[PDB]
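To start, the structure under review is shown below, and the notes come after it.
Each reported figure results from applying straightforward, stated rules to the coordinates on display, with no laboratory input. Cβ sites come from the backbone with ideal geometry, for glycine too, and all protein chains shown count toward neighbours.
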Amino acid sequence: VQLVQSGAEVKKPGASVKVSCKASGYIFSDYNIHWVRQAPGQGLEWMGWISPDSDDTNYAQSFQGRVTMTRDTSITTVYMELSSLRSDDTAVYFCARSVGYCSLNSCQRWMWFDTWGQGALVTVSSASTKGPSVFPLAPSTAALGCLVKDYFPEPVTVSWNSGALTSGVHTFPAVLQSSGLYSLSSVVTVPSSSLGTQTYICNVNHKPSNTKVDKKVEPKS
Amino acid sequence: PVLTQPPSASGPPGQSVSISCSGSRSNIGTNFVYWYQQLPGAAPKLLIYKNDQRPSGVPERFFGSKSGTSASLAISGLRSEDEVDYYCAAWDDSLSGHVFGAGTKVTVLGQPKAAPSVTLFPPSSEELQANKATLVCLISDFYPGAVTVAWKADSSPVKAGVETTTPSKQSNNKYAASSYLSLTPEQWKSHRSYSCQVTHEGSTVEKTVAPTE
Amino acid sequence: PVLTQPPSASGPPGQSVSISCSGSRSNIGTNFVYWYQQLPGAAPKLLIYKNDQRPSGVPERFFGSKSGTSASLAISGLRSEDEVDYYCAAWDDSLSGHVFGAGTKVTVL
């Protein structure tokens, strides 16, 4: 059993997102598939089951027209069409593998969720993939580093000395800004005898914008 | 109704602990209770099904059972190399769907405190060139975490959208945290002394860095 | 108090070059020096203000700086579409008016 898929791309509120996981190694005519999301700091919620045999899928009480389910037998993969994403949708998406089969409303107490693997992530977003316009950060043993801003979405990778330095490189967690931006911080430790003599640069790569910014930090004048 | 579950748990290693999941009349007993466990940065996995049959793939180490209102998941001993939240799930006839519990943290049981070190990073002239000014200070080499970082201009605190990031776990047995603050260049040069302080539950240090060099 | 500005600038493309706009006593340093531009037969625009901030709508090529009495304008790269007529502008407290030099004409070598 496997559930290998691709990561979900960030979508604006009032739009549509698609999450689908590959099914192989078994026939897709007996297992009803479930969709569920991992809400942070609390429990999980359910909306309905998907049956690939007959047109008998139902809906939950709190999810009437939020989700629309379409089936396919040639590729044996369920397809996603979400509508009107909101701020409570900030969760990762996992396709729940359920054993057995059940249609009526007194046979679902016997089954259990079987397989979880390589889930995707769909969350609503006001801020959108923007090109970074980052500037070098002046330094203050001694410490120095560069900060990333005006970028979307998470995460980004900061490498020092063209990847030849890996000691002390920790990715500090970002914060949920009011304008929707983030800030990943990476710092390195140098002796105080060398602060403005040796050239230090950091490389930040941005995936959806295909931009590479090489900035050199300098002391404040 | 919504299934509720202990937020966390305190159990020393080498001795058995259990997790309780209080429910209702139509959710527990008349319906089977399933226990989900998920690794950090990975996919979840079922621990016990139908409260008496163990899944294949795990040795005879855990135990789960139900007794009336609450269902008990006996954890015979605890290893410090694996700390995994446990989820509580059941089924209700009135709700006609799956409802899930809050989840419980498990922790081992004390170490002495460390000496925190804080640094301040004023922006360069390039950041001020775009008619903006932001300030960042970082705290590291402190154990344990649960720290709060606030800015201070040595005369009066400023609250222009002060934020503090959550502490994170590093690979060298230490915690780290950072704080961010963005202002205007006019108010940036109004004060010639900026600093941020940390609360290490008994230790407080001030990093006085002038915005000159 | 008259601003001294060269009439022609010999700026070769491909490498950086700096020009100097010097004035007189109590003319530069007591007040900031402003950089402006205008197309031949079109309305003038703003290039650099206060020698500290780069305005929006202008590419980040001209570097605004001032060191002592002489005002230095630094550039990074030359293009055929950026051959606009630069000018030197300053405020004088002993004149109560803006001071303008001769104006620089840039020709591609």
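Entry note: segment A:72-189 has Rg to Rh equal to 1.15, where both radii use alpha-carbon atoms and Rh is the Kirkwood radius. Charge tally for residue A:156 (other residues, Cβ to Cβ under 15 Å; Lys, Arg +1; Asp, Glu -1): +2. Taking a temperature of 25 °C and a viscosity of 0.890 mPa s, what whole-number D in µm²/s does Stokes-Einstein yield for segment A:133-210 with Rh from Kirkwood over alpha carbon pairs? The calculation lands on 180 µm²/s. Listed by chain and number, the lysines whose C-alpha is less than 21 Å from the C-alpha of residue B:113, apart from same-chain residues fewer than 8 away, are B:169, B:174, B:207. Straight-line cross-link partners of residue A:11 among the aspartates and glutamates, defined as a Cα under 14 Å from its Cα and at least 8 positions apart when in the same chain: A:81, A:88, A:89, A:154.
When both segment A:171-192 and segment B:73-148 are represented by their alpha-carbon centers, they are found 16 Å apart.
Convex hull volume of the C-alpha atoms in segment B:1-157, normalised per residue: 229 Å³.
Going from the residue with the fewest nearby Cβ atoms within 10 Å to the one with the most, B:85, B:52 rank B:52, B:85. The relative contact order of segment A:19-138, computed from alpha carbon pairs under 8 Å that lie at least 6 residues apart in sequence, is 27 percent.
Working value for the protein assembly as shown: equivalent-ellipsoid semi-axes of 60, 30, 19 Å, each the square root of 5 times a Cα gyration tensor eigenvalue, largest first. For segment A:3-50, a Kirkwood radius taken over Cα pairs fed into Stokes-Einstein (37 °C, viscosity 0.692 mPa s) yields D = 242 µm²/s. Near residue C:64, once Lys and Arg are set to +1 and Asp and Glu to -1 for all other residues with Cβ below 14 Å from its Cβ, the sum equals +1.
Working value for segment B:58-100: equivalent-ellipsoid semi-axes of 27, 13, 8 Å, each the square root of 5 times a Cα gyration tensor eigenvalue, largest first. Once both labels are positioned 7 Å from their Cα atoms along Cα-to-Cβ, the gap between residue A:157 and residue B:208 label points is 4.3 nm. With only Cα atoms counted, segment C:16-63 has Rg and Dmax values of 12.6, 34 Å. Compactness of segment A:84-143, taken as the C-alpha radius of gyration over 2.2 N^0.38 Å, stands at 2.14.
Seen from residue A:23, the other residues with C-beta closer than 15 Å to its C-beta sum to a net charge of -1, counting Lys and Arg as +1 and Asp and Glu as -1. Evaluating kT/(6 pi eta Rh) at 25 °C and 0.890 mPa s, with the Kirkwood radius of segment A:49-121 over Cα pairs in the Stokes-Einstein relation, gives 171 µm² s⁻¹.
Pairwise Cα distances in chain A exceed 32 Å in 39 percent of cases.
Computed over the Cα atoms of segment C:1-82, pair by distinct pair, the Kirkwood hydrodynamic radius stands at 14.0 angstrom.
Computed from label points 7 Å out along Cα-Cβ, the spacing between residue C:76 and residue B:191 is 3.3 nm. Which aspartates and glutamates have a Cα less than 18 Å from the Cα of residue A:220, not counting those fewer than 8 places away in the same chain? Partners within reach: B:126, B:127, B:186, B:213, C:52.
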